[PDB]
Every structure is written in C-alpha cells, then in structure tokens.
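Structure, as structure tokens:
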Amino acid sequence: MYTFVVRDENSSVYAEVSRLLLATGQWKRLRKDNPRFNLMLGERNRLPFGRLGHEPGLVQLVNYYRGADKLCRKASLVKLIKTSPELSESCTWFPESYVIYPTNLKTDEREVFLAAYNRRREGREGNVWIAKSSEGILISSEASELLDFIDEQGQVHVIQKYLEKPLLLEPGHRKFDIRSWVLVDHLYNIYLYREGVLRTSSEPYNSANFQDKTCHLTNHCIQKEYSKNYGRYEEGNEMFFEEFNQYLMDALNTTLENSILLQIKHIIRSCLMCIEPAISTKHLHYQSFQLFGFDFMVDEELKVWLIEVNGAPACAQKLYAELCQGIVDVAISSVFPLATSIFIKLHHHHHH
Amino acid sequence: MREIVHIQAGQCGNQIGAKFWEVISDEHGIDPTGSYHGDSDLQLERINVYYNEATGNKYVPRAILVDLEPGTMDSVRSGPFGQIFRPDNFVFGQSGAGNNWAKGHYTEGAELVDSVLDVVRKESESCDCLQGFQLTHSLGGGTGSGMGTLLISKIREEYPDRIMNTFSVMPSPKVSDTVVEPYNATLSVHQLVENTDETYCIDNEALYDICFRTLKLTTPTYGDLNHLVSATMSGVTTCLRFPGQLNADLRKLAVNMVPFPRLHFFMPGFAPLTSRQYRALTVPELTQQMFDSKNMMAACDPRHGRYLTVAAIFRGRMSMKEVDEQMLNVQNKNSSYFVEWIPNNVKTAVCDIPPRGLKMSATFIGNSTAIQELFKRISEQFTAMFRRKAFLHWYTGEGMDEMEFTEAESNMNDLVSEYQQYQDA
Amino acid sequence: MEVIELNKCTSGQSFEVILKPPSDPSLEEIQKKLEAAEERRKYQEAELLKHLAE
Amino acid sequence: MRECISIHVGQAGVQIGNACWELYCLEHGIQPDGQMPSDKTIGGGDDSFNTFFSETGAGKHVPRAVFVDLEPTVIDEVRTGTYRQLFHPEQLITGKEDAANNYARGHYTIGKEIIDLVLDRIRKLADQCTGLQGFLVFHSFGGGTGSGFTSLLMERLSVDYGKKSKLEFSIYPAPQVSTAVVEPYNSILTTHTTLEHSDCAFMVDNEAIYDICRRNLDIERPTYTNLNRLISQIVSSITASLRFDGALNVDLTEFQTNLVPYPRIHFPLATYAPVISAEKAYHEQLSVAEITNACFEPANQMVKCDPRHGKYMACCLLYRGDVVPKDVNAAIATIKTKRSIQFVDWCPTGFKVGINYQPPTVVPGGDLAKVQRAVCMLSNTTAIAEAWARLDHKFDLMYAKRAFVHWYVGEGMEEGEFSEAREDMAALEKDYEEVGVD
Ligand SMILES: Nc1nc2c(ncn2[C@@H]2O[C@H](COP(=O)(O)OP(=O)(O)OP(=O)(O)O)[C@@H](O)[C@H]2O)c(=O)[nH]1
Ligand SMILES: Nc1ncnc2c1ncn2[C@@H]1O[C@H](COP(=O)(O)OP(=O)(O)CP(=O)(O)O)[C@@H](O)[C@H]1O
Ligand SMILES: Nc1nc2c(ncn2[C@@H]2O[C@H](COP(=O)(O)OP(=O)(O)O)[C@@H](O)[C@H]2O)c(=O)[nH]1
Ligand SMILES: COc1cc([C@@H]2CC(c3ccccc3)=NN2C(N)=S)cc(OC)c1OC
Ligand SMILES: [Ca+2]
Ligand SMILES: [Ca+2]
Ligand SMILES: [Ca+2]
Ligand SMILES: [Mg+2]
Ligand SMILES: [Mg+2]
Ligand SMILES: [Mg+2]
C-alpha cells in the first residue's frame, strides 16, 4: 500500500490521477502536510524540493522537475535557446525573439531588437512582431508601439516575430496551433502522447487588421469569448489528429507524421535533452517526473515552429481519461508496482 | 545520572515490586544470596543503577519496602528473593489502611511516612548522582494509593530536581477488591498528574483481558496478572539497566516522551504474550504484535487516539536492519495515528540479552491520547457513586471534605480534555 | 582557462585555475544572561515549594 | 608556525575527536604512547605537525586538544583507551550529569557550573602557544551538551580570544541515528547563538554519512564507529594543509578568505571521493577525472542537497595521493562542459587546488580501502540552505503547538529565545535565497 498527497487542487490532470490511484485499492491518500508519503502531487509554485528524499524507508517521487521552469516561462525559454550550443541562435524552429524589461525596471535586449527591426523595415520583409508576458498581447508593425505597450505594464515581456503566413485550414481561411503532451519519467524517458490537439480559430485570418484578437489568437479561452462562430466547424474549436491527418492527405497530399510530426518529435527531444543535465534526477535522493504541454505553429511551407512550453498543462476533455491512465502506467507504477502503449518513446542515436 | 531509588508501597506495590526484583535479578545474574554468578559483563556494566555493592561483592537492591500492614511484607521476606533486600529498608505499620485513601494519605500514613523518608534519605545520601525514584503501587487500595502519593509529594519537596517515575496499577471491576476503588484511584490520579514525570499506566482490566482472551486462562490469579506486569517492567527498564547504542535514564525518557507536563501517562505494550513457547518469533511478528491493542497493558484502543511519542526496545539477537525496516513500515503504513506536529516521534532501541524464557521479545512505551479512555472509565465509575455521595462517610470520618473529591474529579476530567485537545490538533 | 600562483614543495603543490572572471557581548553581559536564567529557575522552584507547603 | 587548539564537546564531538586523533597519529607516524621516531628535534619543534601536537622532553607528542563532556562515560573510554598515554588528564573534562538532550539545560543550567573550569584548561593549553591561530570546535547540533554548552563556550571564546579564528565541525541531526525528538530545537538554538562567533563551519549530516556507509561500504546498519572513521577521513583532508607543508589554507584565516566572502553564509559543503570497501575483493583504482567528477554527485556530499539549483561563491579541491596539476585541469575542463556550475556574478568562476602526495591513510582493520588518490572538495554553494529549510520546517511543526518547550523554560530559558532563534534562521534562509536565486 503506497501513499500520496495532493498539494495542487486546481489540477485537472492530477485530480483524475488522484481518483484512479485510489480506484486501484493499493494507494491511500494522506493529508497535505504529512511527510510520510511515497508520492507528491505538488503545488505549482515554491514546491519544497529541498524537503524531498529525506524520509528513511520511503522511496519518494514528485510530479515536477526542479529546474524545468527554464523551459516553461517565455523569457527563460528565449534565454535558454540562444545561450545553449545545443540550440543556438541559428536554431531553425524557434522564432527570433528578444527579452525586454519595462521602463522603470530597466539583462535586457532592447537595442539589439531594433538592430534587426530596422533591417526588417529596410528589408521590405514582414516586420510584424508579437509581444508576450508569462491578456496582455500586442501585434504591430511599429516597434515603438510594442515598447510603449511593454513598459506601461510592470512585467518583463518578450518580443517575437509573428508568423505572417501561417497554414490555414479550409474551409475557413483560419489559424490554429498544435498542442502535444509529453511525459518525462524518472528515468528521463521522453514519452509523446499519441493524441495531440489543434486549437483552431473560428475566424478567417486577416493580414490587415492586427488588433482584432480572435482571428490571430488560437487559445481556447479567447475563442470561447470574443468569437462569433465558436464551435462552427469542429466541436470546442478542437480538431484532433485523425481529422487533421485526413485533411492533410486530402488537401495537401501528405500525412501528419511526415509533414509535421517528425519536426515535433525533433523539437521536443532537442529541448528536453538540452536541459537534461540540469534537471535529471538519476542519482538524486528523490525522483521527478513531469507532464509538459508543447505548443507549435505550422506555416504555409509546412514548417513547424515552437511557440511555448507549458509546465502545468490541462488536457482536452475527451483525452483526460486516456492520458491520465498512462501517467499512472508509465510515471507512477514504474516506480511503485501494483499487484499497445499510448506513448511514442522519443529516442535517436545517430553515430558521428 | 546513575542510581535509581525504588519504592514499593502496599499489597500490590510490594507483590509486583518483588516479582520485578526477581526478574531483573535473574537477568543480571544475581542470585538470592546477592552474589553475582553470571557469564557476560553486559550484566554488570550498569548494575549500579538498581543495585548497591556490599561487602563480599554482594549486590543489594536499592529498594525500600513500605506497608501499613505487616502481612504482605513478611510474605515478601518469605519469598524466593526475600533475603536479598536490606532489612533496614522494610518500613511498616500495624494498622493497615482498609482500602481507604484517606487513611493512607492523611491519618495512618502521616504517622508512618517520616520513617520511610529517613530510609530514603539514607539510600540517596550514598549516591554519586541520583536520577530519581520509581514507585510501584496500586491506585485502588489505601496504602499504595494514599500513602504512596503522600510519599511522592514529600519526596518532591525534599528532592524537587530529581525524576519521579511510577508504575501505577489502575483498578478494574473485573479484578476489584472493593467498591470504593474509583474514589481512591481518582484522588491518586489527581496527585500523579501534579507530581510525577512519567507514569506507566498498568490497567488491571487489560491484564485480565489478556489473561482471559489471549492466554486462554479462564480464572486468572493475581499471579497470572503479575507475570505480565513483571514482563512489562523488565522491558520498559531495559534501556536503563543495560548498555547500548542508546543508553537511557529517567530524565531523557521524560524529555523525549512528554511534550506537555501533565500528559505523562504511558501505555505499555509487550510481545510475545506469555503465560506460566518453543517457536521463535520473527521480527515482523514482534512488530505487528507489540502494536496490537491486545498487547497493550492499558485497556485503551490506540485507534481511538493518536500517538504523541513512541519508544520501542527489541530484546534478543536479530537483525537491527530488519527492526529499523519494520518500525519504519508500521509508521509509514498507519501514519494517520502518529501526530504530524512531532516529527520522528518513534525511537527504537535494541539490546542483545533477551528476557528469561524467550529468544526474542519487544517492549513498547506509548504516550497515546487513547489513554483518555482509561481516565473516563474511572471517571464514570466515580460519578456513579459520588452523585449520591455513596460510601463517602468512610472518608469524611478521616477528615476529608466532599470539596476535595469534586476538585480531584475536575482535575481528572481536565486531563481528559487535554488529551482530546491534542487528538484533533 | 589559466593557471596561477603555482607553488611546489617536496610534499605537494598548490595552484589556482580560473575559468572566467567576475561579471560580540561582554563577559558581564554573558554572566547577566546566565544569572537571569538562574534567577528564573530559583523563582519557579520557590513557587513549587510554596504550593507544597500549602 | 602557529598553533591551533581542537575542542571536542559532548558525545559526538568527543568520539569524532578520538577518530581524528587516531588518524592524525597514524598519518604523522606517532605511536600510541606519544613517541615519534621520525621527529629528530627531540623536545621541541617549529614544524607543521607542531600545529596540532606539542612536545615534551621525553619526546612525547601531545594533542593541542580539550575534550569536554557533561557526563563521564564517554571521555572515560578515552582515559582507559588505546590512546590513554597520549592525552594529559587535565585535557579531559567531565561533569556528573549530562544535559538530557536539552539545549537550555546544557547552556544555562549545567553550562554555568563548568564554563570557568573549561576556559581555565583551555588557557593552560594556550599558554604553551608561541602564536595561537585559534580553534577547531567539534560538536553535535542535537546533543544538549553539543548544542548548549558549545554555544556558551563560543561566546566566551570570542571574549577571551577575540582576535582568534574559530572553526566548527558540526554534526547535523538525522533521525536514523538520532537519540532525541528535540534535536531540531537544539540545533536552531545553537546555530542562532553561535552564528556570529564562528568564522567557518563544516556541517556533516549523519544521514549522508550513513547512506555513504550503506551504499559504498556495504554496511547493513552503520555504527558510530563506521560513521566516525569516515568523518575523520574528511576532517583530516580539511586539516591536512595546517598539518603539512603546502601553500593552500596554511592558517585558519585562509579558510575564511578562500571559502567565506559573506560572514553569515559560512557553511561550506564538503564532498569526498572515493569511498571503497576494504572487503571489496577486486577493485579497479579510480582516476583523477573519475574522482573529481564524483565531487559533483550529491551522493558523495556531507549534506544531501543539489548544487545545480544554487550558486557557488568559492570552490577548493584538496587532493591526496598521485595527482598532478595537468590531470586536475584536464578533468576540470571536461567536467565544466558536462555540468551545471554557476558562480555568483561578483565572484570568479574558478578553483583553488591543493595537492599532497601521500595517499589517504586508513586505520588497519577499518572499513575503508587504501586508494591511490582521493579528493575532498569544499564548495560554498547556496544549495546547502536546503538543510536549513529541513531543520526549520521540523522546528516550525513542533513549536506551533509549543510541544516540549516547557522542558526548556523550566531550565530558565525564556520562550522568546525560541522565536528569536527562529527569526535569525529566517534571515539566514533569506540571505541564501538572495545570493543564490534569480
Ligand atoms: N556522526 C556521529 N553522530 C553522533 C555521535 N554521537 C552522537 N551523535 C549524534 O548527536 C546527536 C546526539 O548528540 P550527542 O553528542 O550524543 O549529545 P551530547 O552533546 O553528548 O549532549 P547530552 O549527552 O545530551 O548531554 C544525535 O544526532 C546523534 O546521532 C558520533 O559519535 N558520531
Ligand atoms: N510568433 C507567433 N506567430 C504567430 N502567432 C503566435 C506567435 N506567438 C504566439 N502566437 C499566437 O498566440 C497564441 C497564444 O500565445 P501563447 O501560447 O504564447 O500564450 P499562452 O501561454 O496563454 C498559451 P497556453 O494557455 O496554452 O499556455 C498562440 O496560439 C498563437 O496563435
Ligand atoms: N495487577 C495486580 N493488582 C493487585 C494486586 N494486589 C492488589 N491489586 C489491586 O490493587 C487494588 C487494591 O489495592 P492493594 O494493593 O491491595 O491496597 P493496599 O495494600 O492498602 O495499598 C485493587 O484494585 C487490586 O485489584 C496484585 O498482586 N497484582
Ligand atoms: C529507544 O527506545 C527508548 C527511548 C527512550 C527515551 C525516549 C526517546 C525518544 C526519542 C525519539 C522519539 C521518541 C522517544 N529516546 N529515549 C532516550 N534516548 S533515553 C527511553 C527508553 O527506555 C527507557 C527506550 O527504550 C525503551
Ligand atoms: Ca495510631
Ligand atoms: Ca620535534
Ligand atoms: Ca569573532
Ligand atoms: Mg488489598
Ligand atoms: Mg524524624
Ligand atoms: Mg552525552
């Protein structure tokens, strides 16, 4: 009889994980502050990793990787991609981005951003950028509008090249992003969930008006909010992989695997193998696993771009049951055994 | 922190006290002569905690024998080890106490107490570092309860910075001598809450039940009960009498077991339960049994409360890695029953020498809030009589006012409230 | 990565390697503390002895 | 040459002193009776070993050590032990009754009666010093003597020898071997009273030494003897530079200036490799690269914690055995590319290296194999603050219900010292967080 504790009660995913854990009949739940646990479903912020792995006779395991915020907060993602040889500035699946702090906070990249913005003015290339913080979005061709915006807020933001010719599904002439769910276990096996989701927009994309949000921003909430035709083509503004595969076959004469998924597996593995030495718990006194949500854009050439990594993602509601079961299969009972996998293991050893 | 002064008072006090000296004298290799004839020197290394050394290399128990009646103490002198006790340490009146707390604390007992304290002072004046006193007594008679608690406050007055430890047998209707026992016990618990650091609550209800259900004895004698009591007493004093990785004394025991001063009433446990057995017991079996309510010497269900602190001692040769593993398993598997606000409240010790008659054994000292169940039982029996002032005349005839009774009942009910306080904290 | 202040001798050697550059109370206050705590002890002992006298 | 006095307080301190001085004598070829054939200056000395030993006209080499326990049983086994002859009886000091695992009993109640005697014996040792550097103080956080009497000793030492340096070797409390439920109380209490009196302290967590003993020595249930022989190897590599010819950490002041930029953050993490079973039938000796690399696995640290998620302020590598600078720099080069080693911005990224050419000495019949080379890394990393967080949590859990505090108040302490000490620790945790996180 293994034991466990729940310290994030706003987790959809780990709420269901709690339930099936009990339904085993071999897992008992303890109280938030009881130290004699095998398994921690920790809180999102200031999780006490320093207290883990000091209980004699308890193999302890937690559902987060200390350090993994380097990947899951946009300013740190930018910093990590351009400072690490494994990725580098020349990294071809990340939009050029620069980190910018507000006026009265003042390191920062403001001047080097406009260094490129001007050869973008001059270049006669698309010079439209998006500004982001880790609500609070601005898309503009004018840099100074960007930084005006940035510094009337108090947070550090990131300016990133907006992808001006995205892939647009038809009918609709509309945008989307792809969200992929990745589980990393205590062994640093990297597991991609076979099911992803396209978060579509219900609005025809329009290049001219960059300040009406809904045809440009794909996330579930804004479509359920400011959009006239939410739910029109697909249920929940959510197209799954069977459909998107068929659509690519029918309209573009490709498959999802060849056109997009090789690139997604490549990006997921490069990102995680990069930070692996900083976060691995291979010889630690406690163990981590973690569920990540990777978000990608696909341009009209069918090139995949990574937009962000999410450290505490929710699932699409039809997949909750399946994914969560897998989390217990692969992350939890691998460590604590009970009395066709839904995951693609991501590994590649090219010799050179 | 070396010498302990042992005092046994009354019928029950002296009969369990004598069985105690028999048992540990055997464990330490001293015979009735007082002469050491053992084979290991673990036996003699700390034998000064309980024994003085006499001329001829004799060992004399640091033990004082007290009664208001001469009967039981002449039977002590008659018994197996009777002549190991220093004869000047027999201190006795002739009246008896009639199972009457007042006679023991206020009238007959006053008359005798100064003599006992003279012998006590004589024994403590020869001690390099006296740690304190252990008293054996029952709470339901008159000498043990009444006079023993009188002794306890006199000793606290003369030795206010020494440790007072008692083994206190609680009365049960299942084994009872008289109807006034809940009165005597409640008056005594009022004393014990104020004036001892550590009390082992030896419940005659639990001893009767173990004798009847588990040992399958259909009419238990005091001899059968006292067998269990001397097993428990040998266990709980192991880490005081022997050297180990953990060498304990009365004060460190108080420090680590008692988080709040009044909550110092311990529930002892023993495994394997034995009666006057060839299969050796496996460490997992010792650990399961010692924590089982059927091995508690205080008739309380430990699942009705929470363990404040726990101290276990395993006796015999066995794997201390297995004992560590097993103790850790029972904590981590029933962690709800251990308070979360005292970290690492279970401490475990091992000693290589087992009790006579066993290759392996385990003793358990629990400071549980489930002990309240005992004090409520007594409290109920008390009120059932006191609400009609029944039998009070035996006491008012010796000077006591009803007020003293209602005060003592109140203090015990407070003790119970304290325990419930910490059972939901 | 540069090595500096290297010192050798029959029994050993020491040096420094750089990878990258940078980017009390008195005796009598103590005796007052100890004496205040002793006083508090003696007062508690007296409260006890007074209750026992009662 | 400038002398240091070692002071061992309470059970943990005394038994570890035993371990260390056995080791020192083995290393300097001093016999149990106190003789040193090797020393050709009979009756006198200006050498590096004379930092830790004085000489007599009969050629006896005597530790500059004071043992102090509030109860006799443990120092008694020094008096009757194999090194009976080594120690002058005035250097072994016992009380009658111990502090009963009670900080306030050891500090206030029983400390008061023995502090002047102990300072007098310490001055008897200091009078024999032409140029005293200061003190190495060995004690447990968890003991009542260990915590309470040591903190009173530390205040008085600052008063009588204010120009001297005081270094600590502190045993941090681990429930697998601890003896008492109040050890968190004691450790916070003593840290708070000792902080501004210690220049540099090496914390040893009994949990880490215990697991090293299980995992790498194949000892099922480690004793204090196992733990102390390993801890004494570590202490010996930390002190070797005071006892031997060299140019790194040659006096106590150098420990502070090399390892402690900020005076409050003075708790360097020690990592030690390699630890190999003497009963290991076949063992392939490990290289400079392999053991320097072992310096960066938490499983080798004296305190389990994860320096990947902290910042460094200083790093020292003490090698013993067949080691040359070229191999050290090669190993450092390769390790830097494979590992997260981030120094604070206002400190150079770099290592101070010291090498002594005789390999570690191991007690005959001990558990440790002889090895051709070994290293002890001392790194002032903010990651060590994890241990404080652990302690502080445990303390917060008990003190919330005021559990056990009555035992301290009854010794004359005031409940307020508990929350003063806890607030100092809160400060300390915040200082580490400022230096080491963004
Ligand atoms: N590593 C190691 N830890 C020890 C040793 N002795 C005791 N400890 C630990 O120290 C704590 C107990 O403190 P002690 O040093 O024994 O206590 P003390 O200073 O003698 O104080 P009192 O005996 O209470 O007066 C526990 O955490 C022990 O596990 C030892 O020899 N080596
Ligand atoms: N360089 C870029 N080019 C084009 N569109 C972009 C873009 N960066 C972001 N977007 C769009 O903004 C939308 C949301 O941006 P982002 O993913 O950074 O915020 P977020 O953190 O709220 C998503 P989640 O809630 O899933 O974590 C994306 O779906 C995408 O349509
Ligand atoms: N376990 C045990 N209880 C006893 C023994 N003798 C008496 N008791 C109990 O002690 C109570 C009577 O007290 P007793 O010692 O005879 O009174 P006293 O001699 O006047 O102090 C009753 O509850 C008896 O059950 C005994 O030998 N063993
Ligand atoms: C290890 O088990 C024992 C422990 C002791 C006291 C209690 C204590 C303790 C420590 C931590 C948690 C809970 C209790 N540790 N103790 C001391 N170190 S004295 C006393 C014992 O007997 C008198 C004993 O054995 C029965
Ligand atoms: Ca008379
Ligand atoms: Ca010399
Ligand atoms: Ca100073
Ligand atoms: Mg009777
Ligand atoms: Mg008189
Ligand atoms: Mg001690």
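Backbone N, Cα and C atoms are what each Cβ position is placed from, and that goes for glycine too.
What Swiss-Prot says about this protein:
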MOTIF     D:1-4  motif 'MREC motif'
BINDING   D:10-12, D:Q15, D:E71, D:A99, D:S140, D:143-146, D:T179, D:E183, D:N206, D:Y224, D:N228, D:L252  GTP binding site
MOD_RES   D:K40  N6,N6,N6-trimethyllysine
MOD_RES   D:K40  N6-acetyllysine
BINDING   D:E71  Mg(2+) binding site
MOD_RES   D:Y282  3'-nitrotyrosine
MOD_RES   D:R339  omega-N-methylarginine
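Close contacts with ligand 1, defined as a Cβ under 6 Å from any of its atoms, occur at D:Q15 among the recorded positions D:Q15, D:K40, D:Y282. Counting residue by residue with DSSP, the motif 'MREC motif' (D:1-4) contains 0 helix, 1 strand, 3 coil. Listed in sequence order, D:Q15, D:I16, D:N18, D:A19 are the same-chain residues at least 6 apart in sequence whose CB falls under 8 Å from the CB of D:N228 (GTP binding site). Other Cβ atoms within 10 Å of the Cβ of D:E183 (GTP binding site) number 29 in total over all chains. The Cβ of D:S140 (GTP binding site) lies under 8 Å from the Cβ of D:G10, D:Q11, D:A12, D:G13, D:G146, D:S147, D:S170, D:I171, D:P173, each of these being in the same chain and 6 or more residues away along the sequence. In the three-state DSSP classification, D:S140 (GTP binding site) falls within a strand. Residue pair D:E183 (GTP binding site) / D:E71 (Mg(2+) binding site) shows a Cα separation of 19 Å.
Within 10 Å (C-alpha to C-alpha) of D:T145 (GTP binding site) lie the following recorded positions from D:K40, D:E71, D:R339: D:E71. When the C-alpha distances from D:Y282 (3'-nitrotyrosine) to the recorded positions D:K40, D:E71, D:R339 are tabulated, the minimum falls on D:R339.
Summary: among the binding-site residues (D:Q15, D:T145), the fewest other C-beta atoms within 10 A of the C-beta are counted at D:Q15. Those recorded positions from D:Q15, D:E71, D:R339 lying by chain A, with Cβ under 8 Å from one of its Cβ atoms, are D:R339. In this entry, D:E71 stand out among the binding-site residues D:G10, D:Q15, D:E71 as having a C-beta under 8 A from a C-beta of chain B. Neighbour counts of Cβ atoms within 10 Å were taken for the modified residues D:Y282, D:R339; the minimum is at D:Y282. Taken residue by residue with DSSP, D:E183 (GTP binding site) is part of a helix. Cα to Cα, the residue listed as 'Mg(2+) binding site' and D:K40 (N6,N6,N6-trimethyllysine) are separated by 39 Å. With all protein chains in the displayed structure included, the most crowded Cβ environment within 10 Å among the recorded positions D:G10, D:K40, D:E71 is that of D:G10. D:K40 (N6,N6,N6-trimethyllysine) and the residue listed as 'omega-N-methylarginine' are 48 Å apart (CA-CA, integer value).
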